[PDB]
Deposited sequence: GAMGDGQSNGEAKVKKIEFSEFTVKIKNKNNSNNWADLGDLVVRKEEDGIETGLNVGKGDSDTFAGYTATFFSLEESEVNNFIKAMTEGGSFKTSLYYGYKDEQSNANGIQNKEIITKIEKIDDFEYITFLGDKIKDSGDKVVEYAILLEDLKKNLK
């Protein structure tokens, strides 16, 4: 069923001016149990979030159609509260958006070390489509 191993995708994110700015690479990878994502930005390298097996299919769906999946441990980018120590069992919820009549999966992150100011991220739908499918 599950055809892939490690791949890498660009990931944008709304900037403090609320404007999708190119952020870095999202290294996606498959491990015996679940999935581990990692964020590289030319630098910063770290685990982004990760996932257990039972949420793998919900991930593949969410990351190509839009749904939601449950991370076993989310860290996010350095802005985010969660970056310090992470949180377990975080539900990511994705939907699709056009950026330039070019579709993007687009999901939220974590409160910013602000009161809501939750960060949003976007990856080009096609890229996830072509590795997750």
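No C-alpha coordinates means not modelled. Give me those stretches of the deposited sequence in order. According to the record, the gaps fall at 1-15, 58-65, 137.
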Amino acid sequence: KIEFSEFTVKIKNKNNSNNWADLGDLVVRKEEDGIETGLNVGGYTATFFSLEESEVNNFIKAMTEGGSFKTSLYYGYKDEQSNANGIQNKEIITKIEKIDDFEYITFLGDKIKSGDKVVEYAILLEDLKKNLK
From here on, numbers count along this sequence of modelled residues.
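Would you mind comparing 94-102 and 70-78 for me and telling me which has the higher average C-alpha temperature factor in the entry? Going by the record's values, the stretch with the higher mean is 94-102.
Could you settle it for me: does 40-48 or 59-67 have the higher average Cα B factor in the PDB entry? Looking at the record's C-alpha B-factors, the answer is 40-48.
Using only modelled residues of the chain, where does the Cα B factor of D116 rank: lowest third, middle third or highest third? Its C-alpha B-factor belongs to the highest third of this chain's values.
If you rank every modelled residue in this chain by C-alpha B factor, which third holds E126: lowest, middle or highest? According to the entry, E126 has a C-alpha B-factor in the chain's middle third.
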